[PDB]
Amino acid sequence: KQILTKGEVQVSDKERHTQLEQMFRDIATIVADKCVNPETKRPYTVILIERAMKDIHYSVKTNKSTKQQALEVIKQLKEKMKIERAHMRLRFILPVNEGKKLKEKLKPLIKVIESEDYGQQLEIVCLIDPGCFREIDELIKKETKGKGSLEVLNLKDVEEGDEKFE
Amino acid sequence: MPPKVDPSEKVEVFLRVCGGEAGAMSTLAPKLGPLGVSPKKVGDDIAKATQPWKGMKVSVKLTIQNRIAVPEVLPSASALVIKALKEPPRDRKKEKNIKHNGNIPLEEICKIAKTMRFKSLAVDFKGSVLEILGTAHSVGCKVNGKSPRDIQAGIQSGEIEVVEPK
Amino acid sequence: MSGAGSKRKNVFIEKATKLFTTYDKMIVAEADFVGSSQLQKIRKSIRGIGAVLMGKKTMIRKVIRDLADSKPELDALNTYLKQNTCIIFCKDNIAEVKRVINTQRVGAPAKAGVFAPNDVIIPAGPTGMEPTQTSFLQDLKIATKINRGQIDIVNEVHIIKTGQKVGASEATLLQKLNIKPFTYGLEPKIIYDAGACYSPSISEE
Amino acid sequence: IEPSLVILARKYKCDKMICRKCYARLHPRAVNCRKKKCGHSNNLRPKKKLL
Amino acid sequence: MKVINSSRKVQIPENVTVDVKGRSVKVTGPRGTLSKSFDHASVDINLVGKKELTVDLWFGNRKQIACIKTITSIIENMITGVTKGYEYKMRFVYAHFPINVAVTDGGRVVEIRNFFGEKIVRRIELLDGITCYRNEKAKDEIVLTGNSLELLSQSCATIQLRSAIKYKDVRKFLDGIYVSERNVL
RNA sequence: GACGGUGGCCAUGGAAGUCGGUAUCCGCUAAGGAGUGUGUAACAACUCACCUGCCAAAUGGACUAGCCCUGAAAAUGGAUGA
């Protein structure tokens, strides 16, 4: 019991795997959180920062917390590159009849404001969304509806994201 | 209580939801409105020109336009004006919440509002008028000073007004 | 055995044997296609003068009433083996009942398997045909002839009566077309008396 | 495209009732897989529709 | 329990004559001859004069009791095929590609090209009592007609089975030649 | 046949039997859920509950446990001894 509580978890034959796969799970999660590009901001995949985090030469430690480690990898590329570290906002336009089952899918998925629905015209709603979650929401409102639905930018920077530096 | 008139030439058969402060939180259907040829600001006051005070948001009410005007007509429902005169005030902001009805007697309005929908409702009158609309709402009671449908079976009011209103 | 289950016949027989001895002149009707929309608009006229009373082949429980009454369930006309009936009973208006009971009828298209009343006319002719709905009628067995510039078969004489079912493909020709030739409703069969027959003649008027 | 032809064509290869062990089409008023692999099992669902 | 006797009765119409010789029923009608053996039953098929034909079974239990109604209804099928033989109606449903259909009358075969835009030609012979012809009146429909139901419905089922979309989602495409009507006259 | 009050109350672009929280009585009858469902701007339309028409005599269910079948896949060829 003394060895269990006042010890540190040493590692078996799978140490090299449970450390290398751990430090390759860590870069495949904490680096990819909220990151949009330059030039009328869009998100992108994980492998672009898997290039651009070895390119900034990050060495990953685990004893600093994962949220703090998220706030550490984007500090270096705010220092280096021109990237944004906040939320964004969108103005979803959807037609009334064939878009309500698209409404109630993302309404318990993400936050909404300005729910302005008509009968004759189109449902216009505004969003409270991270920077990276847009590429899902560009496609899921077409692959369920089956028609065209419009992506209109609202705002490019809102706080209470990672801008509070938790 | 506006008076009921005969049908006219080229009647615009309409259906509305509200009658108090119509379209308060956009509480009218904006598709039953402009389908018939009428603007929206014309259509909002139509809900109050027929019943300004005793409308409620689930209705089989009817509004007719005799070469398009507000004619002070009442081809309204039999259910709005019986739970309207319980707790009397029926506007739109006080139809955002629940209400417990008033137990103030309405046997002598349940013969004039008895046949507000159709002329002859295919129901046996003069002996069962209080066992159809006296029990039409189990929520609350008409008056707590008497118990319905048993000291209300043959104990009736009005021999000339059960089919025709005032 | 009997007298059990849901919607008991022992609470219907209090109407089916007791008020069936308090009436003068009755109408043997036909309820073979009659609605409840068209029924509620004729059961408010009869309600002041009489009733709309039928047990529907529970009525051979009327054999115990025929001791002194001598009421026939099988000895009169229309021996009650092939049809549905809902007989009309009256106390005040035993006489002028045949005029409001044969007014409230509605003309409508028939379907497949309906009991086929005495006045059915197949929709035919130029007004009873579209050039686009020919290909449905071009599906059937009977070959068509050209009369008045239309792919159509003409049959305007009565060929079917009560007791013969209508074919399935004939129903859409009545339903899709606006042709409703006959206004049908209640059909009086026999004018029945308390132990005999008052009028052994038919009168749809 | 006539709707009656779509109804007829769904009558023959869409309106079925597929057993759960035996992925096998049965008629829409079935209660039992007709095959030995199922165990003549009385566990079966409708064929799913489209939108 | 096996019941002592379980019979049925088949009513022969006056223009039809059955020639049964030991579980080998042979109707003869105005329009054609038809025959089928029932040698897979312990059954005494036996006719009463001219109007009746009485399938009987002494001491059958089940799988044997169940077969006398089957071989009664098959003789009734043989009878109805030789008074007013069956005529099936088969309709073409397609999404985009108009199905072409060829028919000769050597073996009365059907040939189904441009089915789903496939270039394979679906030549199919009919069973040996059967002819068929296109409906000039109703569009996109071929009517089958014959003397026996086990030949006619099986020919129709072979047309229908060989007119399927493979390697796709059968709930959407629905291109084929399906049996619509099953009339007699 | 499956009707009315009624599109029951509430809630909302719109929710009218049929997305949901609550009640669940009546007229007329043989028979009506303030609705068992499909769909829709909600309806409409089709549909089931329950009754009734043809019919002619036995019908339906929840179990029990005998045999049998599914469960039940292994390497040489194969073993109720054949």
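- Deposited coordinates in this entry are attributed by the record to cryo-EM, at a stated resolution of 3.3 Å.

- Where the PDB entry is consulted, chain E appears under the name 60S ribosomal protein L9, with the organism given as Dictyostelium discoideum.
- In the PDB, the entry goes by the title "Mechanism of eIF6 release from the nascent 60S ribosomal subunit".
- Heading Sequence similarities of the UniProt record for chain E holds this comment: "Belongs to the universal ribosomal protein uL6 family."

- Naming follows the PDB entry, where chain A appears as Ribosome maturation protein SBDS of Homo sapiens.
- Here is the UniProt Subunit (literature references left out) comment for chain A, exactly as written: "Associates with the 60S ribosomal subunit. Interacts with NPM1, RPA1 and PRKDC. May interact with NIP7. Found in a complex consisting of the 60S ribosomal subunit, SBDS and EFL1. Interacts with EFL1. Interacts with CLN3."
- According to the UniProt record, the Sequence similarities comment for chain A is "Belongs to the SDO1/SBDS family."

Re the overall build of chain E
At step 1: Within chain E one finds two helices and 15 strands.
At step 2: In terms of C-alpha radius of gyration, chain E reaches 20 Å, well past the compact-globule figure of 16 Å for 185 residues.
At step 3: Over its C-alpha atoms, taken along the principal directions, chain E stretches across nearly 60 × 40 × 25 Å.
At step 4: Counting the 185 residues in chain E, one finds 43% classified as buried.
At step 5: Within chain E, contacts between residues at least 6 apart in sequence are counted, and of these 56% link residues at least 24 apart.
At step 6: Computed over 30 positive and 20 negative side-chain charges, the separation of the two mean positions in chain E equals 3 Å.

What about the sheet that holds strand β13 (residues 131-134) of chain E?
All names here are of chain E.
At step 1: Taking strand neighbours across the sheet as the criterion, the four strands line up as β13-β14-β9-β15 in an open arrangement whose pairing is antiparallel. Lying at the two open borders of the sheet, with one neighbouring strand each, are β13 and β15 (176-183). Recorded for the sheet is a direction-independent mean angle of 25° between the axes of neighbouring strands.
At step 2: Examined bridge by bridge, strand β9 (residues 87-93) and β15 share seven bridges and lie antiparallel to one another. When the sheet's bridge partners are listed, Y88 is paired in β15 with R182.

Remarks on the environment of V97(C)
All names here are of chain C.
At step 1: Within the element layout of this structure, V97 appears in the loop between β3 (88-90) and β4 (106-107).
At step 2: Using a relative accessible area of 4% as the deciding quantity, one classes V97 as buried.
At step 3: For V97, the residues in contact, after removing those within four places along its chain, are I27, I46, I49 and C90.

Here we look at the environment of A122(B)
At step 1: Mapped onto the secondary structure, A122(B) falls in the segment after α3 (80-83).
At step 2: Not counting residues up to four positions away in its chain, the partners in contact with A122(B) are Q40(C) and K44(C).

A closer look at the domain arrangement of chain E
Residue and element names in this part refer to chain E.
At step 1: Entries for chain E in the domain assignment read domain 1 (1-85) and domain 2 (86-185).
At step 2: Each of domain 1 and domain 2 was reduced to a C-alpha centroid, and the two centroids are 31 Å apart.
At step 3: The partner domain 2 presents nine residues to the 11 residues of domain 1 that form the contact.
At step 4: Counting the surface lost from both domain 1 and domain 2, the interface buries some 810 Å², and carbon and sulfur atoms represent 46% of this.
At step 5: Per-residue buried area on domain 1 facing domain 2 is highest for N77, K84 and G85; these three make up 49% of the total on that side.
At step 6: At the surface where domain 1 touches domain 2, the tally comes to one salt bridge.
At step 7: Put simply, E150 and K36 hold a salt bridge, and the shortest N to O gap is 3.6 Å.
At step 8: Counting across the domain 1 and domain 2 interface gives two residue pairs in polar contact.
At step 9: Along the lines of polarity and charge, the residues of the side of domain 1 that touches domain 2 split into two nonpolar, five polar and four charged.

A closer look at the domain arrangement of chain A
Residues and elements named next belong to chain A.
At step 1: Looking at chain A, the domain boundaries give domain 1 (11-82) and domain 2 (83-166).
At step 2: If you average the C-alpha positions of domain 1 and of domain 2, the two centres end up 27 Å apart.
At step 3: Where domain 1 abuts domain 2, roughly 1,700 Å² becomes buried across the two surfaces, and 64% of that area is made up of carbon and sulfur atoms.
At step 4: Sorting the residues of domain 1 by area buried against domain 2 places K34, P43 and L71 first, and these three jointly supply 37% of that buried surface.

Regarding the protein's contact with RNA strand F
At step 1: Around RNA strand F, the surrounding shell holds 66 residues, and the nearest of these are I132(B), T135(B), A136(B), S36(C) and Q40(C).
At step 2: The sugar-phosphate share of atoms of RNA strand F within 4 Å of the protein amounts to 69%.
At step 3: At a separation of 2.6 Å, a base oxygen of RNA strand F approaches a polar side-chain atom of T135(B).
At step 4: Within the backbone of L81(C), a nitrogen or oxygen atom sits 2.9 Å from a phosphate oxygen of RNA strand F.
At step 5: When residues of the surface near RNA strand F are traced back to their parent elements, those giving at least two are α5 (100-106) of chain A together with α2 (37-40) of chain C.
At step 6: For the surface near RNA strand F, the element with the highest residue contribution is α2(C), accounting for three residues.
At step 7: Here the surface near RNA strand F is built from residues that sort into 26 nonpolar, 19 polar and 21 charged.

Thresholds, definitions, all that
- Residues numbered from 1 in each chain as written, not as in the entry; some residues may be left out.
- Chains lettered and ligands numbered in written order.
- Part of a larger assembly, values for the part shown.
- Heavy atoms only, no water.
- Residues with missing side-chain atoms left out of burial classes, pairs and counts.
- UniProt positions renumbered as here; feature names shortened; annotations may be inferred.
- Helix = DSSP H or I, 4+ residues; strand = E, 2+ residues; numbered from the N terminus.
- Rg over C-alpha atoms; globule rule 2.2 N^0.38 Å.
- Buried < 20%, exposed > 50% of the residue type's maximum accessible area, 1.4 Å probe, protein only.
- Contact = heavy atoms within 4.5 Å.
- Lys, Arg positive; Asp, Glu negative; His and termini not counted.
- Charge placed at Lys NZ, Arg CZ, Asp CG, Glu CD.
- Pairing = 2+ DSSP bridges.
- Axes fitted to C-alpha atoms, helices over the stretch in contact; angles between N-to-C directions.
- Domains from an automatic or database assignment.
- Buried area = accessible area lost by both parts, 1.4 Å probe.
- Salt bridge = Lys/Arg side-chain N within 4 Å of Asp/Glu carboxyl O.
- Polar contact = N/O pair within 3.5 Å; in protein donor to acceptor, adjacent residues only side chain to side chain.
- Nonpolar A, V, L, I, M, F, W, Y, C, P; charged D, E, K, R; others polar.
- Near = heavy atom within 4 Å.

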